[PDB]
Amino acid sequence: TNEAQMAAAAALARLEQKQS
Amino acid sequence: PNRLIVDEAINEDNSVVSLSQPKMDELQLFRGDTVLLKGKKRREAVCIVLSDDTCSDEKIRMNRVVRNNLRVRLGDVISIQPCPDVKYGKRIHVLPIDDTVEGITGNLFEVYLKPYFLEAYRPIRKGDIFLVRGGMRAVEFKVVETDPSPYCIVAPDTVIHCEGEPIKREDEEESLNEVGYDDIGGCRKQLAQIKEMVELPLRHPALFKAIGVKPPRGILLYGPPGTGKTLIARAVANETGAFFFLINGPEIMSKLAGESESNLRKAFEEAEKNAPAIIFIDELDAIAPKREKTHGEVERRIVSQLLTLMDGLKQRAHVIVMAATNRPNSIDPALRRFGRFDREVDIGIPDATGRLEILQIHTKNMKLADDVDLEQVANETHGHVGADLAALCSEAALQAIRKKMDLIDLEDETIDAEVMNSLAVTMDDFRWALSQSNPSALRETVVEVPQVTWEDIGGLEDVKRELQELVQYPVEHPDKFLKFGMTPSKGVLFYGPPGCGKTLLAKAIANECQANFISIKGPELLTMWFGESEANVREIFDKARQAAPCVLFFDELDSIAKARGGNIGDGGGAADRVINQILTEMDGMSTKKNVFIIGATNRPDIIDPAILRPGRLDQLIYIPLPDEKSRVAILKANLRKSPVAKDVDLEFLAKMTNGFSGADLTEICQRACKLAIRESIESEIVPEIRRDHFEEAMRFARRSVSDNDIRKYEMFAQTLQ
Amino acid sequence: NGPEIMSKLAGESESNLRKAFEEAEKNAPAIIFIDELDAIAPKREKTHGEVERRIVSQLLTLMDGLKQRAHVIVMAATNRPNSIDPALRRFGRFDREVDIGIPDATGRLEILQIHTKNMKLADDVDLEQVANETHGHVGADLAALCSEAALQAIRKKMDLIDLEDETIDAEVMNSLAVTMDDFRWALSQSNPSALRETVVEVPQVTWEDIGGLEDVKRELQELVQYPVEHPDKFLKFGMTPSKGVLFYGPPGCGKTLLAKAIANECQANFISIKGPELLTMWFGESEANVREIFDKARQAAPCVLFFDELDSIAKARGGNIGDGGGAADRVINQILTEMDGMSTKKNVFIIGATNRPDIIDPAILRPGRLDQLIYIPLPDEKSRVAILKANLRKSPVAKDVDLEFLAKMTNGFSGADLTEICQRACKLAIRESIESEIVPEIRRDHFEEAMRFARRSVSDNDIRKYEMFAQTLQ
Ligand SMILES: Nc1ncnc2c1ncn2[C@@H]1O[C@H](COP(=O)(O)OP(=O)(O)O)[C@@H](O)[C@H]1O
Ligand SMILES: Nc1ncnc2c1ncn2[C@@H]1O[C@H](COP(=O)(O)OP(=O)(O)O)[C@@H](O)[C@H]1O
Ligand SMILES: Nc1ncnc2c1ncn2[C@@H]1O[C@H](COP(=O)(O)OP(=O)(O)O)[C@@H](O)[C@H]1O
């Protein structure tokens, strides 16, 4: 659903900003 | 159904797990969906699923925060199900755990929890424990009250409370600041080998009781001090749950006859009572030194006592003994016989990637400024081990603390959370620490997979292909070698002028093959000659056997001849102690261990001809000074890291630098870059390297190989046909 | 076992050792096994303590007490028969001994088959390939290899199906097969514990592997086989069998294969000593190891003891220049000493090889030692063809390859140089075949190209020296 996809977008942005 | 094996994660995030796509399709969930994980003792966790190219189909990758909440450990299996009906929460109450709230006060919510939840959109469940890092502290929190149940996503517009005393940690949960596998940086391949040996005997002992196979009962770790030998042994015990017993040589050895044996025997008896258990004996060479190297009754007896205690492990169910030493040959050889300590792992010194990983691990809690570059530090910290890289992190933190924090806070044990979080560590603080630290393992040989690739070498197109045939084909296409009865060569020697890329050639083939590169330099062969310690040759070759696949590179093979006079010397022959042991180990090394030996020399006329016989370094490759097209290629390759102006004529430079080696063309490129940088800096008191910078660099650069040396090298190569 | 007795305090080790012998008598017939014997009864010169020397005396008296302890046999294990108190070897006690050594390729295959009796193997598993690759392994390492291969198969399947319980369903184990990749994986991860030990076994080299030298093959048969196939004829005519032969001539002409091939035909244990080992003993002043080498040859009899690179020390000392002294040194003197004491009827035949006979101590060539000398010249036209055929025997070769033409070109080449040509032509076929997948045999073009890169290793300056020396000996 949409609240879970917003949670995924936030978690993915954190991982990519820190790992890249 | 929906069962997945719990393993470690690459993504460190407190709400993220990773699955391989075939399981995402069978579970009918998509990337970004929320799922529930069912662990042990009626415990559940909520997380978001992503995907990568590293998770296997049968495994689920999760971090320590999720495993702790599920009360599961690496190697267990959990059930996964989607829960697409997850919605946002309204009010939650989160409080810190007392175990971490020590020496700190102030508004921990504004410092930790609010940055953690604000625009974070994290799914939480009642009772969830999670770790928030910052201000050089790691504080963990528990969710104690929620309006929705049993889980919800925390949106930026929700109300979060944090009022009340810190909560005491429960006995059913472990502290998230305890040592685990995520605290170990370099030597990750060694940890993987240990996990294969230890995780299954301890996590699933029923399989070893039911199946006719024998578990390892003793693993010896060796390497320089400060590399993680004791960190690994403890991390394994913490992850598997086995009781950890600590023994150390010096303490046991300091005891009198009858006391050292009782203390050592007791530790083994306690491990059985507390089985499953791991016994870690540090400084094994101190507790059990070679009997033939001692004279005292206590030293001879305590070795016998350890040897019989190790054999007793056939009766002590689920007890594994680990030990640490500096060298595998510093302990009584009986310990290494079938049984007892029949497994060993070469920990060595962290490589360039591991050193960065260690710096990243020991900065997790540190607030770094935008100018901090830990990769640059990792590249400069040659010879440093984890103990030294951790020191750099602490020392850099102390520089930030003395500049700012010590002008704010009192001489007390408690600091406001806001003051700690307001403190950041800059590049000047890491640079200061780097100049103060001194590597504790700079003398030992470092073995690692090199980062040099074929694109780093200008010219020598046929030599690059030759190494691929010598090193890759024997293992990439073994059926062709068998079909035609081919016998792979065991090594190759390079000869010719210096500075033409001999080192890059050996590294580049090791890189593409993903093989370890062992660099042995002249000073090592000279030390063995002058110190009459050629036995160290056997240890070098033994490392190549354990590090395989690897490339073992012996530079400056002429240094042995130089030790005895080189050009003149005495009336004897080329054979000597060091080269004889090298030749012996070469003959005893089989191509079946995937070890390829490369040699190099700048004086091939004085190399013991024995090393060039069939079975040794039978292949000879001449590496001349680069030709006209190669010199241009070398200049272009070195400039890949910086913008080059359109007025730069690389062919003109190559035409002038007729007698230059690749090493000299690099100095020209680097000097021209430094000159461009100098102008750039002055303009602020430029975007690219201009023709004027290369023409100026030409005024300082010189060829390192004289015309007399060029003729000598060409005439030698011609003589060899 | 040593550690169990030595770990005890003074007075406890002696009582415990005595009790073990008493129980063997009470339960006679009985066998006592003392492992790590050198830990309890090391050579006397290696211990000075009162307790260590006393427990040795206690073992000696208990061994002698076996004249009263009817039907009790005591066996013991050590790493070296000369690392223990020599008193134990007196008549009785531990007078009898057996050399277990290490398994050869056939023994290694048998060990792998034994430790897989209970194992389910996939159709691709070939334990002969493993036995041939497991050089330097002993039974303990081959058992570990099999176990590790099983553990890899276990992790792949048993965890995959999540069979977490106290027992395993037999049907799951029945379908759990170990593949060839799991045995090869275990081989790559394992590490032989006896890799640097002396390897003594019957070689697999046969006469078909040696091109040319028809008269040398016959000569070795007469030197090695006839003294034991027709001992009555040697007595009848008063013949004194030769104890060894020295090979000389250009390098790379089969000196080593000749010694191995005769050892194979005779089914005798072949012992290979190489130059670096002779140099190690000289440089380290450890020439006592020569006596151990000859003692192993006696224990391994019938055997062929091959001393390669007899000139390694003479060259190390300067060869043509060096010092002002003679050819005698620590190592060659011990070699001559053991040769003189070698019994003719012990079935030990010694073969040497040198590349510089003019710097070999002439004493070794006297009657009773290496009195026979065989010259191994560069192969001739028919021999070079035979060498090329032998080196190509294991590979498909195209019909357009003219080995007689190539042999005519390589007039100055040694057998080792003809092998390089064959390997170069193969190497080209290897690349060509690999490229076709990114060919079925080695083509004439591969030999024609290889011929332009290979060179003779022995120049005419060295051949003239070899020929003149061979002429000097008639
Ligand atoms: N490989 C490694 N990876 C990460 N940290 C390491 C590693 N090796 C050492 N360290 C760190 O350096 C320190 C080593 O101290 P300690 O555990 O006492 O080890 P030692 O046995 O070297 O004394 C610890 O702070 C540990 O976290
Ligand atoms: N063919 C080449 N292409 C690119 N760079 C080269 C080449 N040859 C040498 N260099 C540069 O010269 C430096 C020295 O090379 P190296 O092989 O270590 O010389 P040495 O013979 O002193 O070991 C290297 O760091 C490399 O950057
Ligand atoms: N007569 C021959 N027949 C077949 N192969 C030979 C012959 N002579 C030499 N070779 C090849 O040359 C190589 C070296 O022979 P070897 O006798 O080991 O040399 P050396 O004894 O001088 O060290 C062998 O591997 C063999 O393949």
Checklist entry - Does at least one position in segment B:42-54 carry a residue that is over 25 Å from B:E145 (Cβ atoms), within 14 Å of chain C (Cβ to nearest Cβ), under 33 Å from the mean Cα position of the chain (by Cα) and charged (D, E, K, R)? => result no
Checklist entry - So is B:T308 assigned to a helix (DSSP H, G or I) and within 16 Å of ligand 1 (Cβ to nearest atom) or not? => result no
Item to check | Condition met for B:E283 (surrounded by 15 or more Cβ atoms within 10 Å (Cβ to Cβ) and within 20 Å of B:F341 (Cα to Cα)) | outcome: yes
Checklist entry - Quick one: how many residues across segment B:605-627 are surrounded by fewer than 20 Cβ atoms within 10 Å (Cβ to Cβ), within 14 Å of ligand 2 (Cβ to nearest atom) and over 35 Å from the mean Cα position of the chain (by Cα)? => result 2
Checklist entry - Is one or more of the residues making up segment B:587-607 within 30 Å of C:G252 (Cβ to Cβ), in contact with a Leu (Cβ under 7 Å, 6 or more places away or on another chain) and within 16 Å of ligand 3 (Cβ to nearest atom)? => result yes
Next on the checklist: It is to be established whether one or more residues within segment B:141-149 are out of contact with any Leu (no Cβ under 9 Å at 6 or more places or on another chain), within 14 Å of chain A (Cβ to nearest Cβ) and surrounded by 16 or more Cβ atoms within 10 Å (Cβ to Cβ).
Outcome noted: yes
Item to check | Count - residues of segment C:420-453 that are in a loop (DSSP other than H, G, I, E, B), within 9 Å of chain B (Cβ to nearest Cβ) and surrounded by 15 or more Cβ atoms within 10 Å (Cβ to Cβ) | outcome: 1
Next on the checklist: Show the residue pairs meeting these rules: Cβ distance below 6 Å; 6+ apart or different chains; first residue within segment C:387-398 and within 21 Å of B:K480 (Cβ to Cβ); second residue within 16 Å of ligand 2 (Cβ to nearest atom).
Outcome noted: none
Next on the checklist: Looking only at residues that are more than 23 Å from the chain's Cα centre (by Cα) and acidic (D, E) in segment C:311-348, which one is farthest from ligand 1 (Cβ to nearest atom)?
Outcome noted: C:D340
Checklist entry - From B:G522, B:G569, which residue is within 11 Å of chain C (Cβ to nearest Cβ), surrounded by fewer than 20 Cβ atoms within 10 Å (Cβ to Cβ) and not hydrophobic (A, V, I, L, M, F, W, C)? => result B:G569
Checklist entry - Hey, C:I154 hits all of (1) at the interface with chain B (Cβ under 10 Å from one of its Cβ atoms); (2) under 30 Å from B:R337 (Cα atoms); (3) surrounded by fewer than 18 Cβ atoms within 10 Å (Cβ to Cβ) but one; which does it fall short on? => result (3)
Checklist entry - Condition test on C:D181, is it within 9 Å of another protein chain (Cβ to nearest Cβ), in a helix (DSSP H, G or I) and over 18 Å from B:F208 (Cα atoms)? => result no
Checklist outcome for this item: Wholly inside segment B:32-133, strands (runs of 3 or more DSSP E) that include 3 or more residues that are closer than 20 Å to B:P1 by Cα are B:34-38, B:44-51, B:59-61, B:77-82
Checklist entry - Could you count how many residues in segment B:371-405 are closer than 18 Å to B:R355 by Cα and charged (D, E, K, R)? => result 5
Checklist entry - Being among the small types (G, A, S), buried (at least 16 other Cβ atoms within 10 Å of the Cβ), within 14 Å of chain C (Cβ to nearest Cβ) and farther than 28 Å from B:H382 by Cα, is that true of even one residue in segment B:473-485? => result yes
Checklist entry - So, in segment B:454-472, of the ones that are surrounded by fewer than 18 Cβ atoms within 10 Å (Cβ to Cβ) and more than 16 Å from ligand 2 (Cβ to nearest atom), which residue ends up nearest to B:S630 (Cα to Cα)? => result B:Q468
Checklist entry - So is B:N536 touching a strand residue (DSSP E or B) at 6+ places or on another chain (Cβ under 9 Å) and under 24 Å from B:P350 (Cα atoms) or not? => result no
Checklist entry - Does B:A574 qualify as being within 14 Å of chain C (Cβ to nearest Cβ), surrounded by fewer than 22 Cβ atoms within 10 Å (Cβ to Cβ), over 29 Å from the mean Cα position of the chain (by Cα) and of a type in the set (A, V, I, L, M, F, W, C)? => result yes
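Every read-out reported here was derived from the displayed coordinates using simple, explicitly stated rules and does not represent laboratory data. With ideal geometry, Cβ positions are generated from the backbone for all residues, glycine too; neighbour counts draw on all protein chains shown.
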